[PDB]
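Taking the form deposited in one PDB entry, here's one chain by itself in structure tokens.
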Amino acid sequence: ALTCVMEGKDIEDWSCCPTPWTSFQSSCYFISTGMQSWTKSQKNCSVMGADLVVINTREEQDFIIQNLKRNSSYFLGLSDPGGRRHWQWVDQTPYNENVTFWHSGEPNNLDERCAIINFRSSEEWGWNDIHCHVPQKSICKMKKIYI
């Protein structure tokens, strides 16, 4: 089943997500609470027709964090596979340093080549580079369906 809501006041503009997903602007988001490596997480998002989350704006991040638990860490679709700080998003969209939300002092390791979002005291939610093989929860994102 799909969950559909109206965009603006236009009674014909209904956009939808599968029911276990949440919606914000033109995208659907799914929180995957199983612990898996970054690559297995991206594969899992791919199976449900999506990708690991790509964060475009502060507004988007502020929405996503409403659906996360402050004691948990979640993979983003953000990685540096060659260890050169040449960050990649999984949907081949640009990496814009001035719209990133790294915690203070992050990213801090060339050998930590995947990114997570989590909560740190006082700094609240932000990003950390970590080892890709360490199992974590993840966030998947895809476009809404219009009917």
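Numbers for residues come from their place in the sequence shown, where the first is 1. Here, rigid core means the biggest group of C-alpha atoms that superpose within 1.5 Å across both forms. Shifts are known only where both forms have a C-alpha.
Only in words, not in the display: the form deposited in another entry, which the text now covers.
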### Rigid core superposed: residue 89 CA moves 2 Å or more between the shown form and the other one
yes
### Query
Does residue 108 move its CA by 2 angstroms or more between the shown form and the other one when the core is aligned?
yes
### Query
If you line up the core, does residue 48 shift 2 angstroms or more at its C-alpha between the shown form and the other one?
no
### Closer or farther in the other form, the Cα atoms of residue 110 and residue 82, when the shift from this form is 3 Å or more
closer
### Task
Pin down for me whether the residue 108-residue 80 Cα distance shrinks or grows in the other form relative to this form (closer or farther, change of 3 Å or more).
farther
### Shared-residue segments moving between the shown form and the other one, Cα shift 2 Å or more over 3+ consecutive positions, core-fitted
83-112
